[PDB]
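The structure file input.txt is reproduced below (compact mmCIF, C-alpha atoms and all ligand atoms).
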```txt
# COMPACT_ATOMS: atom_id res chain seq x y z
CA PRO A 1 23.12 141.06 -68.62
CA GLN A 2 24.62 140.15 -65.30
CA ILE A 3 27.51 137.75 -66.04
CA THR A 4 29.04 136.07 -62.97
CA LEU A 5 32.56 134.71 -63.17
CA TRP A 6 32.66 131.06 -61.98
CA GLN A 7 33.08 130.27 -65.66
CA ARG A 8 35.16 132.14 -68.22
CA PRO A 9 32.87 135.07 -69.49
CA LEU A 10 32.39 133.77 -73.02
CA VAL A 11 30.09 135.62 -75.32
CA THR A 12 29.03 135.29 -78.90
CA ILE A 13 30.42 137.61 -81.53
CA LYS A 14 29.51 138.15 -85.13
CA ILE A 15 32.32 139.71 -87.17
CA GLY A 16 33.01 139.88 -90.86
CA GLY A 17 29.86 137.76 -91.68
CA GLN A 18 30.95 134.93 -89.30
CA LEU A 19 30.29 133.63 -85.80
CA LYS A 20 32.97 133.10 -82.97
CA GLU A 21 32.71 132.88 -79.16
CA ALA A 22 35.01 135.42 -77.38
CA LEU A 23 36.27 135.98 -73.83
CA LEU A 24 35.17 139.36 -72.29
CA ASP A 25 38.54 140.43 -70.99
CA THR A 26 38.73 143.37 -68.66
CA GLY A 27 42.51 142.89 -68.48
CA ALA A 28 43.03 143.54 -72.18
CA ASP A 29 43.55 147.11 -73.42
CA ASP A 30 42.90 145.71 -76.87
CA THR A 31 40.63 143.32 -78.73
CA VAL A 32 42.62 140.48 -80.32
CA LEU A 33 41.08 137.72 -82.37
CA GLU A 34 42.55 134.58 -83.67
CA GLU A 35 43.45 134.58 -87.27
CA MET A 36 40.38 134.90 -89.61
CA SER A 37 39.43 136.18 -93.18
CA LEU A 38 38.70 139.96 -92.70
CA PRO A 39 38.62 142.65 -95.45
CA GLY A 40 40.90 145.52 -96.45
CA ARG A 41 44.19 147.10 -95.31
CA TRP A 42 45.65 146.72 -91.92
CA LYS A 43 48.90 147.65 -90.24
CA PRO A 44 51.70 145.70 -88.44
CA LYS A 45 51.46 146.36 -84.65
CA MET A 46 52.96 144.21 -81.89
CA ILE A 47 51.10 143.92 -78.60
CA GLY A 48 52.34 142.52 -75.31
CA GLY A 49 50.85 140.20 -72.66
CA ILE A 50 51.95 137.54 -70.11
CA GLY A 51 54.54 135.35 -71.75
CA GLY A 52 55.72 137.90 -74.33
CA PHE A 53 55.11 139.71 -77.58
CA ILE A 54 53.26 138.64 -80.71
CA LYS A 55 53.00 140.47 -84.14
CA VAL A 56 49.34 141.34 -85.14
CA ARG A 57 47.19 142.54 -88.10
CA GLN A 58 45.91 146.00 -86.87
CA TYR A 59 42.29 146.41 -88.20
CA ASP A 60 40.24 149.65 -87.55
CA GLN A 61 36.66 150.74 -87.85
CA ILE A 62 35.47 147.17 -87.91
CA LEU A 63 31.95 146.38 -86.92
CA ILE A 64 31.52 143.68 -84.27
CA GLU A 65 28.21 142.58 -82.93
CA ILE A 66 29.10 141.52 -79.24
CA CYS A 67 26.41 139.41 -77.50
CA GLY A 68 24.01 140.90 -80.03
CA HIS A 69 25.18 144.49 -79.28
CA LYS A 70 26.79 146.40 -82.28
CA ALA A 71 29.96 148.53 -82.05
CA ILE A 72 32.91 149.61 -84.29
CA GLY A 73 36.61 149.46 -83.50
CA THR A 74 40.15 148.38 -83.73
CA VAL A 75 40.36 144.65 -83.79
CA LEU A 76 43.83 143.03 -84.01
CA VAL A 77 44.23 139.78 -85.71
CA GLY A 78 46.81 137.18 -84.86
CA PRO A 79 48.41 134.37 -82.87
CA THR A 80 46.21 134.43 -79.79
CA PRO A 81 44.68 131.19 -78.28
CA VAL A 82 41.37 132.87 -77.41
CA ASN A 83 39.35 135.59 -79.11
CA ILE A 84 39.51 138.53 -76.64
CA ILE A 85 37.18 141.50 -76.39
CA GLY A 86 39.20 144.23 -74.69
CA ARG A 87 38.29 147.46 -72.94
CA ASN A 88 38.36 149.40 -76.24
CA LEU A 89 35.03 147.61 -77.04
CA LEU A 90 33.71 147.00 -73.52
CA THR A 91 32.97 150.61 -72.93
CA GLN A 92 31.03 150.65 -76.21
CA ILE A 93 28.65 147.95 -75.07
CA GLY A 94 28.56 149.86 -71.73
CA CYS A 95 29.96 146.93 -69.79
CA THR A 96 30.99 147.55 -66.17
CA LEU A 97 32.70 145.55 -63.51
CA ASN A 98 30.81 145.30 -60.24
CA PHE A 99 31.34 144.14 -56.64
CA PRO N 1 32.02 149.74 -56.21
CA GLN N 2 31.05 149.77 -59.88
CA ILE N 3 33.98 150.26 -62.27
CA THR N 4 33.46 151.55 -65.87
CA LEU N 5 36.32 150.41 -68.23
CA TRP N 6 37.51 153.68 -69.94
CA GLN N 7 40.84 153.11 -68.18
CA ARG N 8 42.50 149.96 -66.64
CA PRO N 9 40.61 148.47 -63.54
CA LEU N 10 43.45 148.88 -61.06
CA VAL N 11 42.56 148.29 -57.36
CA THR N 12 44.53 148.23 -54.05
CA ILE N 13 45.40 144.94 -52.48
CA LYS N 14 47.30 143.93 -49.37
CA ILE N 15 49.14 140.54 -49.48
CA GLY N 16 51.82 139.45 -47.07
CA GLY N 17 52.06 142.69 -45.11
CA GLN N 18 52.55 144.81 -48.26
CA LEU N 19 50.53 147.07 -50.54
CA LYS N 20 50.05 146.82 -54.37
CA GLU N 21 47.82 147.92 -57.16
CA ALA N 22 46.42 144.96 -59.11
CA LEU N 23 44.19 144.60 -62.18
CA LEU N 24 40.78 142.90 -61.92
CA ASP N 25 40.83 140.50 -64.81
CA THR N 26 37.95 138.48 -66.22
CA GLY N 27 40.26 136.90 -68.81
CA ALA N 28 42.58 135.48 -66.14
CA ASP N 29 41.69 132.15 -64.62
CA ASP N 30 44.27 132.70 -61.95
CA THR N 31 45.90 135.46 -60.04
CA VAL N 32 49.50 136.18 -60.95
CA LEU N 33 51.48 138.59 -58.96
CA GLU N 34 54.89 139.94 -59.71
CA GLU N 35 57.95 138.44 -58.11
CA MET N 36 57.33 139.20 -54.49
CA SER N 37 58.40 138.80 -50.97
CA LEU N 38 55.81 136.07 -50.09
CA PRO N 39 56.36 133.06 -47.69
CA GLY N 40 55.37 129.33 -47.44
CA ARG N 41 55.99 126.28 -49.67
CA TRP N 42 55.24 126.79 -53.29
CA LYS N 43 55.23 124.36 -56.23
CA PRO N 44 56.41 125.12 -59.87
CA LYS N 45 53.32 125.64 -62.14
CA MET N 46 53.31 127.01 -65.75
CA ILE N 47 50.94 129.32 -67.56
CA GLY N 48 49.94 130.48 -70.92
CA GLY N 49 49.15 134.08 -71.78
CA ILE N 50 49.00 135.65 -75.33
CA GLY N 51 52.83 135.77 -75.77
CA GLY N 52 53.32 132.19 -74.52
CA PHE N 53 54.49 130.54 -71.33
CA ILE N 54 56.00 131.51 -67.99
CA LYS N 55 56.97 129.26 -65.04
CA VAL N 56 55.53 130.56 -61.75
CA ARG N 57 55.55 129.38 -58.20
CA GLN N 58 52.17 128.52 -56.80
CA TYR N 59 51.25 129.37 -53.19
CA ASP N 60 47.97 128.07 -51.89
CA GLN N 61 46.02 129.27 -48.76
CA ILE N 62 47.07 132.86 -49.30
CA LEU N 63 45.13 135.72 -47.73
CA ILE N 64 44.54 138.93 -49.81
CA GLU N 65 42.67 142.12 -49.09
CA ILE N 66 41.16 143.38 -52.51
CA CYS N 67 39.14 146.66 -51.73
CA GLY N 68 39.02 145.88 -47.96
CA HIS N 69 37.49 142.54 -48.99
CA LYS N 70 39.62 139.75 -48.01
CA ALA N 71 39.53 136.50 -49.82
CA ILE N 72 41.85 133.43 -49.76
CA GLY N 73 43.40 131.37 -52.45
CA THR N 74 46.02 130.40 -54.76
CA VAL N 75 48.38 133.09 -55.83
CA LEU N 76 50.97 132.44 -58.58
CA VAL N 77 54.16 134.47 -58.36
CA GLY N 78 56.44 135.15 -61.23
CA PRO N 79 57.52 137.25 -64.17
CA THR N 80 54.25 138.97 -65.05
CA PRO N 81 54.31 142.59 -66.39
CA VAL N 82 51.42 143.70 -64.03
CA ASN N 83 49.73 142.22 -60.85
CA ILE N 84 46.70 140.37 -62.08
CA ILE N 85 43.60 139.29 -60.12
CA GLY N 86 42.04 136.26 -61.77
CA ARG N 87 38.65 134.67 -61.61
CA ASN N 88 39.74 132.37 -58.73
CA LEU N 89 39.72 135.44 -56.41
CA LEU N 90 37.17 137.60 -58.27
CA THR N 91 34.34 135.18 -57.70
CA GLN N 92 35.22 135.32 -53.97
CA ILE N 93 34.66 139.04 -53.69
CA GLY N 94 31.40 138.89 -55.58
CA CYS N 95 32.68 140.22 -58.89
CA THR N 96 30.31 140.35 -61.93
CA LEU N 97 30.60 141.94 -65.33
CA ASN N 98 27.54 143.90 -66.39
CA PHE N 99 26.24 145.56 -69.59
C1 LIG O 101 45.52 142.93 -75.24
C2 LIG O 101 46.26 141.80 -74.55
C3 LIG O 101 47.45 141.40 -75.40
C4 LIG O 101 46.56 142.18 -73.06
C5 LIG O 101 46.85 140.93 -72.22
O1 LIG O 101 47.59 140.02 -72.60
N1 LIG O 101 46.24 140.90 -71.03
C6 LIG O 101 46.39 139.78 -70.08
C7 LIG O 101 46.74 140.28 -68.69
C8 LIG O 101 47.95 141.19 -68.74
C9 LIG O 101 49.21 140.65 -69.03
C10 LIG O 101 50.31 141.49 -69.11
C11 LIG O 101 50.15 142.85 -68.89
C12 LIG O 101 48.89 143.38 -68.60
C13 LIG O 101 47.78 142.55 -68.52
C14 LIG O 101 45.10 138.96 -69.96
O2 LIG O 101 44.01 139.87 -69.90
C15 LIG O 101 44.98 138.09 -71.18
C16 LIG O 101 44.42 136.71 -71.05
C17 LIG O 101 44.28 136.19 -72.47
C18 LIG O 101 43.86 134.75 -72.46
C19 LIG O 101 42.60 134.41 -71.94
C20 LIG O 101 42.23 133.08 -71.87
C21 LIG O 101 43.12 132.09 -72.32
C22 LIG O 101 44.37 132.43 -72.85
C23 LIG O 101 44.74 133.77 -72.92
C24 LIG O 101 45.28 135.80 -70.16
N2 LIG O 101 46.61 135.82 -70.18
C25 LIG O 101 46.92 134.91 -69.30
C26 LIG O 101 45.74 134.39 -68.80
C27 LIG O 101 45.54 133.39 -67.84
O3 LIG O 101 44.37 133.09 -67.55
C28 LIG O 101 46.72 132.70 -67.16
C29 LIG O 101 46.71 133.14 -65.70
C30 LIG O 101 46.62 131.19 -67.33
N3 LIG O 101 44.67 134.96 -69.34
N4 LIG O 101 47.64 143.14 -73.02
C31 LIG O 101 47.44 144.38 -72.56
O4 LIG O 101 48.45 145.35 -72.51
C32 LIG O 101 49.83 145.06 -72.27
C33 LIG O 101 50.53 146.18 -71.52
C34 LIG O 101 50.62 147.46 -72.07
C35 LIG O 101 51.26 148.48 -71.37
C36 LIG O 101 51.82 148.25 -70.10
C37 LIG O 101 51.73 146.97 -69.56
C38 LIG O 101 51.09 145.94 -70.26
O5 LIG O 101 46.32 144.73 -72.16
```

If you convert what's in this file into C-alpha cells, what do you get?
Ligand SMILES: *[C]C(*)(*)(*)(*)([C]*)C(*)(*)(*)(C(*)(*)(*)(=O(*)*)N(*)(*)(*)C(*)(*)(*)(*)([C](*)[C@]1(*)=C(*)(*)(*)C(*)=[C@](*)(*)C(*)(*)(*)(*)(*)(*)=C1(*)(*)*)C(*)(*)(O*)C(*)(*)(*)C(*)(*)(*)([C](*)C1(*)(*)(*)=C(*)(*)(*)(*)(*)(*)C(*)=C(*)[C@@](*)(*)=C1*)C1(*)(*)(*)=N(*)(*)(*)C(*)=C(*)(*)(C(*)(*)(*)(=O(*)*)C(*)(*)(*)(*)([C])[C]*)[N@]1(*)*)N(*)(*)(*)(*)C(*)(*)(O[C]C1=[C][C]=[C][C]=[C]1)=O*
Amino acid sequence: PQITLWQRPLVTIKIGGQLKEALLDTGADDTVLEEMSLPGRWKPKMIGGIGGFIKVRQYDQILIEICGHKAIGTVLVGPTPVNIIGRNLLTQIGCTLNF
Amino acid sequence: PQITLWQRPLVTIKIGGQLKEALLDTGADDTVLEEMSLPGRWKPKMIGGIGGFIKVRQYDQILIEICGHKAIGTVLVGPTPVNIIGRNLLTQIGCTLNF
C-alpha cells in the first residue's frame, strides 16, 4: 500500500494473540511496544530517543503480523507512549520511503 | 528517490545558509534540528519523544532544501541527538511510505 503522511502512519499489528495499532516509524532503529503480556525470556537493554533513555524488555524471534504481513524479530517492550515499528521490521515487510 | 530502510534514511538539507544530514521520519510530527545558528523570533515549545520531554524553540516560516526540494515550515531547534525531518515537512516534499 501507498501510505501518505498527512496523518500519523498507523497500522494494525497482531502480536502474541492480540491486536494493537502501531506507528510505522522510519526514524526508529528498533521496534518498541508499550508494555504487554508476551511469552518467554527476554533481556534488559536500554534504548535512546529524543528526551532520554528508557529501560526495555528485549524480545527476539517474535512473530508480528504488520498490516496483515507476517515477519519475525526483536521487539522491545517498555515505557513508550506509542507502539513503534522500526526499520528492523520495515525491511521485512519490504517497506520503502518514496518522494 | 526511493529509499529502502536497511540503514538510516539520512538526506542532505540546507537551512539558513548551512548544510546538514537529517533523518526522514514518519514517526515525527515535527521537524527538530539540533541547536543551530538560525535567526528570527522563536517561541518556547515542548515535545515528547520516547525518553520524555525537551524544551525547544519554535521558528515558523523557515525555508529548507531537503534533496534539492525546498519546502517551508516550522522548525523546532533544541537538544535532539540527530536532525529529524517530521511529517510537517515530509508531506510538503511528496513523501509516502510504501510496501
Ligand atoms: C527506537 C527508538 C527509541 C528511536 C527513536 O526514539 N526515534 C525517534 C527519532 C530519533 C530520536 C533520537 C535519535 C534518533 C532518532 C522517533 O523516531 C521516535 C518517535 C516516537 C514517538 C512517535 C509518536 C509519538 C510519541 C513518540 C518520536 N519521538 C519524538 C517524536 C515526535 O513526534 C516529537 C517531534 C513530538 N516522535 N531511537 C533510535 O536510535 C537512537 C540512536 C542510536 C544511535 C545513535 C543516535 C540515536 O532509533

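Take CA of residue 68 in chain N and CA of residue 29 in chain N: the distance between them is 21.8 Å.
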
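Computed from the coordinates, the atom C7 of ligand LIG 101 (chain O) to CA of residue 52 in chain A distance equals 10.9 Å.
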
10 Å contacts from chain A to chain N using all atoms listed in the file, as a short mmCIF file (atom, residue, chain, number, x, y, z; two decimals) with C-alpha atoms, in the coordinates of the input:
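Full text of part-v7.cif as output:
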```cif
data_model
loop_
_atom_site.label_atom_id
_atom_site.label_comp_id
_atom_site.auth_asym_id
_atom_site.auth_seq_id
_atom_site.Cartn_x
_atom_site.Cartn_y
_atom_site.Cartn_z
CA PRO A 1 23.12 141.06 -68.62
CA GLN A 2 24.62 140.15 -65.30
CA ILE A 3 27.51 137.75 -66.04
CA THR A 4 29.04 136.07 -62.97
CA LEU A 5 32.56 134.71 -63.17
CA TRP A 6 32.66 131.06 -61.98
CA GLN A 7 33.08 130.27 -65.66
CA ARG A 8 35.16 132.14 -68.22
CA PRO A 9 32.87 135.07 -69.49
CA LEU A 10 32.39 133.77 -73.02
CA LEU A 23 36.27 135.98 -73.83
CA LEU A 24 35.17 139.36 -72.29
CA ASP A 25 38.54 140.43 -70.99
CA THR A 26 38.73 143.37 -68.66
CA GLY A 27 42.51 142.89 -68.48
CA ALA A 28 43.03 143.54 -72.18
CA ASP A 29 43.55 147.11 -73.42
CA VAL A 32 42.62 140.48 -80.32
CA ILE A 47 51.10 143.92 -78.60
CA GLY A 48 52.34 142.52 -75.31
CA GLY A 49 50.85 140.20 -72.66
CA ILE A 50 51.95 137.54 -70.11
CA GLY A 51 54.54 135.35 -71.75
CA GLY A 52 55.72 137.90 -74.33
CA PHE A 53 55.11 139.71 -77.58
CA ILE A 54 53.26 138.64 -80.71
CA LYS A 55 53.00 140.47 -84.14
CA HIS A 69 25.18 144.49 -79.28
CA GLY A 78 46.81 137.18 -84.86
CA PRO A 79 48.41 134.37 -82.87
CA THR A 80 46.21 134.43 -79.79
CA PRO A 81 44.68 131.19 -78.28
CA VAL A 82 41.37 132.87 -77.41
CA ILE A 84 39.51 138.53 -76.64
CA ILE A 85 37.18 141.50 -76.39
CA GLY A 86 39.20 144.23 -74.69
CA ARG A 87 38.29 147.46 -72.94
CA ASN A 88 38.36 149.40 -76.24
CA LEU A 89 35.03 147.61 -77.04
CA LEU A 90 33.71 147.00 -73.52
CA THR A 91 32.97 150.61 -72.93
CA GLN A 92 31.03 150.65 -76.21
CA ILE A 93 28.65 147.95 -75.07
CA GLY A 94 28.56 149.86 -71.73
CA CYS A 95 29.96 146.93 -69.79
CA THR A 96 30.99 147.55 -66.17
CA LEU A 97 32.70 145.55 -63.51
CA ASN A 98 30.81 145.30 -60.24
CA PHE A 99 31.34 144.14 -56.64
#
```

Handout entry: residue 41 in chain N surroundings by all atoms listed in the file, 10 Å radius, close-in-sequence under 6 positions cut, as an MDAnalysis selection string
Key = chainID N and resid 57:60

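Atom pair CA of residue 38 in chain A / atom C19 of ligand LIG 101 (chain O): separated by 21.8 Å.
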
Starting from the incomplete input, reconstruct N, CA and C atoms of range 22-52 of chain N and report them as a compact mmCIF listing (two decimals), keeping the file's coordinate frame.
```txt
# COMPACT_ATOMS: atom_id res chain seq x y z
N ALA N 22 46.56 146.14 -58.25
CA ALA N 22 46.42 144.96 -59.11
C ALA N 22 45.25 145.20 -60.08
N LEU N 23 45.22 144.47 -61.17
CA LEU N 23 44.19 144.60 -62.18
C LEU N 23 43.17 143.49 -62.11
N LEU N 24 41.89 143.87 -62.00
CA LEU N 24 40.78 142.90 -61.92
C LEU N 24 40.71 142.41 -63.33
N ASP N 25 40.82 141.10 -63.51
CA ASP N 25 40.83 140.50 -64.81
C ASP N 25 39.95 139.31 -65.11
N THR N 26 38.89 139.53 -65.85
CA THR N 26 37.95 138.48 -66.22
C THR N 26 38.60 137.51 -67.19
N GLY N 27 39.64 137.86 -67.94
CA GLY N 27 40.26 136.90 -68.81
C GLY N 27 41.37 136.14 -68.10
N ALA N 28 41.51 136.26 -66.77
CA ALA N 28 42.58 135.48 -66.14
C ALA N 28 41.91 134.48 -65.23
N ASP N 29 42.25 133.21 -65.42
CA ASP N 29 41.69 132.15 -64.62
C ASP N 29 42.29 132.24 -63.25
N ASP N 30 43.57 132.59 -63.20
CA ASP N 30 44.27 132.70 -61.95
C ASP N 30 44.82 134.10 -61.77
N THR N 31 45.30 134.25 -60.54
CA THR N 31 45.90 135.46 -60.04
C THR N 31 47.42 135.34 -60.13
N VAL N 32 48.07 136.24 -60.85
CA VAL N 32 49.50 136.18 -60.95
C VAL N 32 50.02 137.57 -60.65
N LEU N 33 50.79 137.49 -59.59
CA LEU N 33 51.48 138.59 -58.96
C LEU N 33 52.94 138.54 -59.33
N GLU N 34 53.50 139.75 -59.38
CA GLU N 34 54.89 139.94 -59.71
C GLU N 34 55.75 139.22 -58.70
N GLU N 35 57.03 139.11 -59.02
CA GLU N 35 57.95 138.44 -58.11
C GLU N 35 57.91 139.12 -56.75
N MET N 36 57.33 138.49 -55.74
CA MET N 36 57.33 139.20 -54.49
C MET N 36 57.68 138.38 -53.29
N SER N 37 57.99 139.18 -52.31
CA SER N 37 58.40 138.80 -50.97
C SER N 37 57.19 138.10 -50.27
N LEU N 38 56.91 136.84 -50.63
CA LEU N 38 55.81 136.07 -50.09
C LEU N 38 56.27 134.70 -49.63
N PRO N 39 55.89 134.27 -48.39
CA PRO N 39 56.36 133.06 -47.69
C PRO N 39 55.46 131.82 -47.53
N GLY N 40 56.07 130.63 -47.53
CA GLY N 40 55.37 129.33 -47.44
C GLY N 40 55.99 128.30 -48.44
N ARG N 41 55.44 127.10 -48.59
CA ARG N 41 55.99 126.28 -49.67
C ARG N 41 55.22 126.71 -50.88
N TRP N 42 55.83 126.46 -52.02
CA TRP N 42 55.24 126.79 -53.29
C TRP N 42 55.67 125.67 -54.22
N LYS N 43 54.89 125.42 -55.27
CA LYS N 43 55.23 124.36 -56.23
C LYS N 43 55.42 125.08 -57.59
N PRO N 44 56.43 124.79 -58.43
CA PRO N 44 56.41 125.12 -59.87
C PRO N 44 55.06 124.81 -60.55
N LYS N 45 54.55 125.73 -61.38
CA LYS N 45 53.32 125.64 -62.14
C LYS N 45 53.60 126.43 -63.42
N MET N 46 52.98 126.20 -64.57
CA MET N 46 53.31 127.01 -65.75
C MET N 46 52.05 127.58 -66.34
N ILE N 47 52.12 128.73 -66.98
CA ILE N 47 50.94 129.32 -67.56
C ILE N 47 51.20 129.94 -68.92
N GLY N 48 50.07 129.91 -69.61
CA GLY N 48 49.94 130.48 -70.92
C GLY N 48 49.18 131.80 -70.87
N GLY N 49 49.70 132.76 -71.59
CA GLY N 49 49.15 134.08 -71.78
C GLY N 49 49.15 134.36 -73.28
N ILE N 50 48.90 135.56 -73.87
CA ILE N 50 49.00 135.65 -75.33
C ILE N 50 50.42 135.43 -75.86
N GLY N 51 51.50 135.93 -75.24
CA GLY N 51 52.83 135.77 -75.77
C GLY N 51 53.35 134.38 -75.45
N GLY N 52 52.72 133.50 -74.68
CA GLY N 52 53.32 132.19 -74.52
C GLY N 52 53.36 131.71 -73.11
```
